[PDB]
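Encoded as structure tokens, the following chain is the form deposited in one PDB entry, with no partner shown.
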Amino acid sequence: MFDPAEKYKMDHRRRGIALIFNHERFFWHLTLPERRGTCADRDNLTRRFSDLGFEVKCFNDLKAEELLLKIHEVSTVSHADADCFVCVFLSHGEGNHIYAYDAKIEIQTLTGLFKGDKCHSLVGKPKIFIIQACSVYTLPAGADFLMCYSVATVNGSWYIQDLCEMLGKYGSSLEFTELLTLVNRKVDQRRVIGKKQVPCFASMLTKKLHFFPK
């Protein structure tokens, strides 16, 4: 017995936490340019994920310690009565690293916290990570992981604007990878096509993912 149309069980009490790390300015000695319009991206995502029923928790220009303290805190909270988990990073990113205010951090250090072993209450539930960071990327940490990459302007970046537009229009009906595929096309249209690098998503998901209204 095997069902091709089988969806994730999305009928828990809460949808889950939408965690957002927004980085605009950086420690001087890192020599990293200010990221104009990330607050626009952050507000845009908050809006969209809230209408999808997420509990959006925002954090601005956190230092490496404070960031690590918060994700671990979130990973050790009970998600038993939650559908899924969403984490977003809006910063600079070199290779397999994301940048905090003062230093860089390996992505798999962050995503590894939500693996089946460490985060039991999220086993079998979608774990979505969105990485908006300027050809390398780190492979999803395990089953039911979904990595979304921007693969990189005062109103925000193309990826987030186009993601949020689709999230706002189709988020509560379409299958999530369908919607993400649509973003790939929207960003491809900006080139005024289908010749250069667009946004990307790596899926270790095992079922269909929908965000039908609760």
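Sequential numbering from 1, following the sequence displayed.
Absent from the display: the form solved in complex with a partner chain. The rest refers to it.
Taking the partner from elsewhere, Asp102 is found to have a heavy atom lying within 4.5 Å of its partner chain in the deposited complex. In the deposited complex, its partner chain lies farther than 4.5 Å from every heavy atom of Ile128. Though the partner is left out of this view, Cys164 does not reach within 4.5 Å of its partner chain in the deposited complex, counting heavy atoms only. In the deposited complex, its partner chain lies within 4.5 Å of some heavy atom of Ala64. Not one of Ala40, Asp43 and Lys57 comes within 4.5 Å of its partner chain in the deposited complex, counting any heavy atom.
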